[PDB]
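The structure appears below as C-alpha cells.
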Amino acid sequence: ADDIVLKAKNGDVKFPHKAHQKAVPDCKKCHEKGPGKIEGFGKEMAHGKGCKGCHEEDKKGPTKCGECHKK
Ligand code: HEC
Ligand code: HEC
Ligand code: HEC
Ligand SMILES: C[C@H](CCC(=O)O)[C@H]1CC[C@H]2[C@@H]3CC[C@@H]4C[C@H](O)CC[C@]4(C)[C@H]3C[C@H](O)[C@]12C
C-alpha cells in the first residue's frame with residue numbers, strides 16, 4: 001500500500017510507513033487498537049501521542065512545525 005498524506009491546511013503531512021515499520025518494530029503501538037482510532041485522529045492526537053508525542057518520547061522523528069508540514 002501507499003504512504004498517506006494528511007491534508008493539513010498549513011501544509012501537507014507525509015506519513016512514511018517503511019520508516020515506522022523499521023523504527024517501531026512493536027507494531028501494536030499503532031495496529032490492533034480498539035475501534036474508534038480512525039474517527040479519533042485529528043490535530044490534538046497528531047500533536048500529541050498520535051505523531052509528535054511519540055517522536056519526543058523516542059528521541060527521534062520530526063518535532064518542529066516545518067519538519068512535518070510542507071507545502
Ligand atoms: C504507526 C506509527 C505505525 C506503526 C508503528 C506500524 N504501522 Fe503499519 N501502518 C500504519 C498506517 C497508518 C498504515 C496505512 C498507511 C500507510 O502509510 O501505509 C499502515 C499500513 C500497514 C500495512 C499495509 C502496508 C502495505 O501493504 O504496504 C501493513 C502490512 C502494516 N502496516 C504492518 C505493520 C507492521 C508488521 C508493523 C510493525 C513492524 C507496523 N505496520 C508498524 C501505521 C503503523
Ligand atoms: C511511535 C509510536 C510513532 C508514532 C505514533 C509516529 N511516529 Fe513518526 N517516527 C517514529 C520514529 C521512532 C521515527 C524515526 C525513524 C527514522 O528512521 O528516522 C519516525 C520518523 C518519522 C518521519 C521521518 C522518516 C524519515 O525517513 O526520516 C516522519 C516524516 C514521521 N515520523 C511522521 C509521523 C507522522 C506524520 C505520524 C502521525 C501520523 C507519526 N510519524 C507517528 C515514531 C513514531
Ligand atoms: C508531526 C510530528 C507534526 C508536528 C511536529 C507538527 N504538526 Fe501540525 N499537524 C500534524 C498532523 C498530522 C496534522 C493533521 C491532523 C489531522 O486531522 O489529520 C496537523 C494539524 C495541524 C493544524 C490544523 C490543520 C488543519 O486542520 O487543516 C495546524 C494549524 C498545525 N498542525 C500547525 C502546526 C504547528 C504550528 C506546528 C509547530 C508548532 C505543528 N503543527 C507541528 C503533524 C505535525
Ligand atoms: C492509533 C495510532 C497510534 C496513536 C494512538 O495511540 O492513538 C495512530 C498513529 C497514526 C494514526 C493514523 C494516521 C493516518 C490516518 C489519519 C486519519 O485521520 C485516521 C486514520 C489513520 C490511518 C490514523 C489511524 C490511527 O489513529 C493511527 C494509526
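How things are named: the first chain in the C-alpha cells is A, the next is B, and so on; residues count from 1 in each chain; ligands count from 1 in the order shown.
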
Can you check which residues of chain A DSSP gives as helix (DSSP H, G or I) on the backbone and send them as a PDB file with N, CA and C atoms, in the first residue's frame?
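selection_11.pdb, written as the output of this step:
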ATOM      1  N   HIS A  17       5.424   4.947   5.872  1.00  0.00           N
ATOM      2  CA  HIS A  17       5.230   3.713   6.630  1.00  0.00           C
ATOM      3  C   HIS A  17       6.509   2.896   6.832  1.00  0.00           C
ATOM      4  N   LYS A  18       7.287   2.715   5.769  1.00  0.00           N
ATOM      5  CA  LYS A  18       8.523   1.935   5.829  1.00  0.00           C
ATOM      6  C   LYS A  18       9.394   2.327   7.024  1.00  0.00           C
ATOM      7  N   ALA A  19       9.643   3.620   7.191  1.00  0.00           N
ATOM      8  CA  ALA A  19      10.476   4.102   8.286  1.00  0.00           C
ATOM      9  C   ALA A  19       9.923   3.710   9.644  1.00  0.00           C
ATOM     10  N   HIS A  20       8.595   3.752   9.764  1.00  0.00           N
ATOM     11  CA  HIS A  20       7.927   3.392  11.000  1.00  0.00           C
ATOM     12  C   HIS A  20       7.950   1.908  11.314  1.00  0.00           C
ATOM     13  N   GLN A  21       7.709   1.079  10.319  1.00  0.00           N
ATOM     14  CA  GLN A  21       7.831  -0.365  10.469  1.00  0.00           C
ATOM     15  C   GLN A  21       9.245  -0.740  10.963  1.00  0.00           C
ATOM     16  N   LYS A  22      10.248  -0.075  10.401  1.00  0.00           N
ATOM     17  CA  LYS A  22      11.651  -0.297  10.770  1.00  0.00           C
ATOM     18  C   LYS A  22      12.007   0.214  12.179  1.00  0.00           C
ATOM     19  N   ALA A  23      11.589   1.445  12.478  1.00  0.00           N
ATOM     20  CA  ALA A  23      11.967   2.129  13.707  1.00  0.00           C
ATOM     21  C   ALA A  23      11.110   1.751  14.891  1.00  0.00           C
ATOM     22  N   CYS A  27       4.635  -3.360  16.622  1.00  0.00           N
ATOM     23  CA  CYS A  27       3.547  -2.964  15.708  1.00  0.00           C
ATOM     24  C   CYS A  27       2.293  -2.542  16.427  1.00  0.00           C
ATOM     25  N   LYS A  28       2.079  -3.074  17.637  1.00  0.00           N
ATOM     26  CA  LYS A  28       0.890  -2.771  18.412  1.00  0.00           C
ATOM     27  C   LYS A  28       0.855  -1.336  18.988  1.00  0.00           C
ATOM     28  N   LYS A  29       1.937  -0.594  18.827  1.00  0.00           N
ATOM     29  CA  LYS A  29       1.910   0.834  19.110  1.00  0.00           C
ATOM     30  C   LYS A  29       0.873   1.530  18.217  1.00  0.00           C
ATOM     31  N   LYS A  37     -10.271   4.466  16.367  1.00  0.00           N
ATOM     32  CA  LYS A  37      -8.990   5.152  16.112  1.00  0.00           C
ATOM     33  C   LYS A  37      -8.959   5.912  14.783  1.00  0.00           C
ATOM     34  N   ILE A  38      -9.727   5.461  13.797  1.00  0.00           N
ATOM     35  CA  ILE A  38      -9.857   6.163  12.512  1.00  0.00           C
ATOM     36  C   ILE A  38     -10.650   7.439  12.740  1.00  0.00           C
ATOM     37  N   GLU A  39     -11.770   7.334  13.461  1.00  0.00           N
ATOM     38  CA  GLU A  39     -12.560   8.517  13.799  1.00  0.00           C
ATOM     39  C   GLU A  39     -11.856   9.458  14.790  1.00  0.00           C
ATOM     40  N   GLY A  40     -10.989   8.900  15.623  1.00  0.00           N
ATOM     41  CA  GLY A  40     -10.374   9.629  16.725  1.00  0.00           C
ATOM     42  C   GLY A  40      -9.255  10.577  16.341  1.00  0.00           C
ATOM     43  N   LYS A  43      -6.013  16.920  15.038  1.00  0.00           N
ATOM     44  CA  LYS A  43      -4.870  17.777  15.333  1.00  0.00           C
ATOM     45  C   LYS A  43      -4.365  17.484  16.734  1.00  0.00           C
ATOM     46  N   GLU A  44      -5.290  17.291  17.664  1.00  0.00           N
ATOM     47  CA  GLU A  44      -4.914  17.071  19.054  1.00  0.00           C
ATOM     48  C   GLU A  44      -4.069  15.812  19.158  1.00  0.00           C
ATOM     49  N   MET A  45      -4.537  14.730  18.540  1.00  0.00           N
ATOM     50  CA  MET A  45      -3.798  13.466  18.550  1.00  0.00           C
ATOM     51  C   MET A  45      -2.465  13.595  17.818  1.00  0.00           C
ATOM     52  N   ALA A  46      -2.469  14.232  16.644  1.00  0.00           N
ATOM     53  CA  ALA A  46      -1.229  14.403  15.872  1.00  0.00           C
ATOM     54  C   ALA A  46      -0.120  15.131  16.643  1.00  0.00           C
ATOM     55  N   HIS A  47      -0.502  16.156  17.389  1.00  0.00           N
ATOM     56  CA  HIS A  47       0.454  16.977  18.086  1.00  0.00           C
ATOM     57  C   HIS A  47       0.737  16.358  19.458  1.00  0.00           C
ATOM     58  N   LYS A  52       3.578  13.547  17.130  1.00  0.00           N
ATOM     59  CA  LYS A  52       4.652  14.329  17.725  1.00  0.00           C
ATOM     60  C   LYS A  52       5.136  13.789  19.059  1.00  0.00           C
ATOM     61  N   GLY A  53       4.199  13.445  19.942  1.00  0.00           N
ATOM     62  CA  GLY A  53       4.480  12.863  21.248  1.00  0.00           C
ATOM     63  C   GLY A  53       5.313  11.603  21.203  1.00  0.00           C
ATOM     64  N   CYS A  54       5.054  10.728  20.233  1.00  0.00           N
ATOM     65  CA  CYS A  54       5.928   9.565  20.095  1.00  0.00           C
ATOM     66  C   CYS A  54       7.346   9.947  19.686  1.00  0.00           C
ATOM     67  N   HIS A  55       7.491  10.884  18.740  1.00  0.00           N
ATOM     68  CA  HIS A  55       8.815  11.341  18.320  1.00  0.00           C
ATOM     69  C   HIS A  55       9.612  11.916  19.524  1.00  0.00           C
ATOM     70  N   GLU A  56       8.905  12.615  20.405  1.00  0.00           N
ATOM     71  CA  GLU A  56       9.527  13.248  21.572  1.00  0.00           C
ATOM     72  C   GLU A  56       9.967  12.203  22.610  1.00  0.00           C
ATOM     73  N   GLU A  57       9.154  11.172  22.789  1.00  0.00           N
ATOM     74  CA  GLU A  57       9.479  10.081  23.720  1.00  0.00           C
ATOM     75  C   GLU A  57      10.606   9.187  23.202  1.00  0.00           C
ATOM     76  N   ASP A  58      10.571   8.859  21.906  1.00  0.00           N
ATOM     77  CA  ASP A  58      11.593   8.002  21.270  1.00  0.00           C
ATOM     78  C   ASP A  58      12.903   8.723  21.001  1.00  0.00           C
ATOM     79  N   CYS A  65       7.544  22.296  13.420  1.00  0.00           N
ATOM     80  CA  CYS A  65       6.398  22.507  12.518  1.00  0.00           C
ATOM     81  C   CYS A  65       6.723  22.181  11.069  1.00  0.00           C
ATOM     82  N   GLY A  66       7.802  22.780  10.574  1.00  0.00           N
ATOM     83  CA  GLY A  66       8.230  22.647   9.198  1.00  0.00           C
ATOM     84  C   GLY A  66       8.869  21.324   8.839  1.00  0.00           C
ATOM     85  N   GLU A  67       9.192  20.522   9.836  1.00  0.00           N
ATOM     86  CA  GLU A  67       9.643  19.158   9.592  1.00  0.00           C
ATOM     87  C   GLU A  67       8.475  18.212   9.256  1.00  0.00           C
ATOM     88  N   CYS A  68       7.280  18.426   9.812  1.00  0.00           N
ATOM     89  CA  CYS A  68       6.113  17.613   9.439  1.00  0.00           C
ATOM     90  C   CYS A  68       5.292  18.218   8.317  1.00  0.00           C
TER      91      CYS A  68
END

Query raised in the report: When distances are computed from only C-alpha atoms and all ligand atoms, which of A:69, A:32, A:1, A:60 shows the smallest separation from ligand 3?
Result: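 Looking only at the distances to ligand 3, the closest residue turns out to be A:69.
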
Query raised in the report: When you draw a straight line from atom 40 (N, counted along the ligand's line) of ligand 3 to CA of residue 25 (chain A), how long is it in Å?
Result: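 Computing the Euclidean distance for atom 40 (N, counted along the ligand's line) of ligand 3 and CA of residue 25 (chain A) yields 25.8 Å.
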
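Closest approach to ligand 4 from the set A:9, A:59, A:71, A:34 is made by A:34, with distances taken over only C-alpha atoms and all ligand atoms.
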
Requested in this report: If you run DSSP over the backbone, which residues in region 1-69 of chain A end up strand (DSSP E)? Put them as a list in words.
Outcome: residues 4, 5, 6, 12, 13, 14, 15 and 69 of chain A

Query raised in the report: Which one is closest to ligand 1: A:41, A:33, A:7, A:51? Count only C-alpha atoms and all ligand atoms.
Result: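 Among A:41, A:33, A:7, A:51, it is A:51 that comes nearest to ligand 1.
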
**Report entry** Length of the atom 5 (C, counted along the ligand's line) of ligand 4 to CA of residue 35 (chain A) vector [Å]
**Finding:** 11.5 Å

**Report entry** Counting only C-alpha atoms, the residue of A:6, A:24, A:13, A:30 that sits nearest residue 70 (chain A)
**Finding:**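 Going through A:6, A:24, A:13, A:30 one by one, the smallest distance to residue 70 (chain A) is for A:13.
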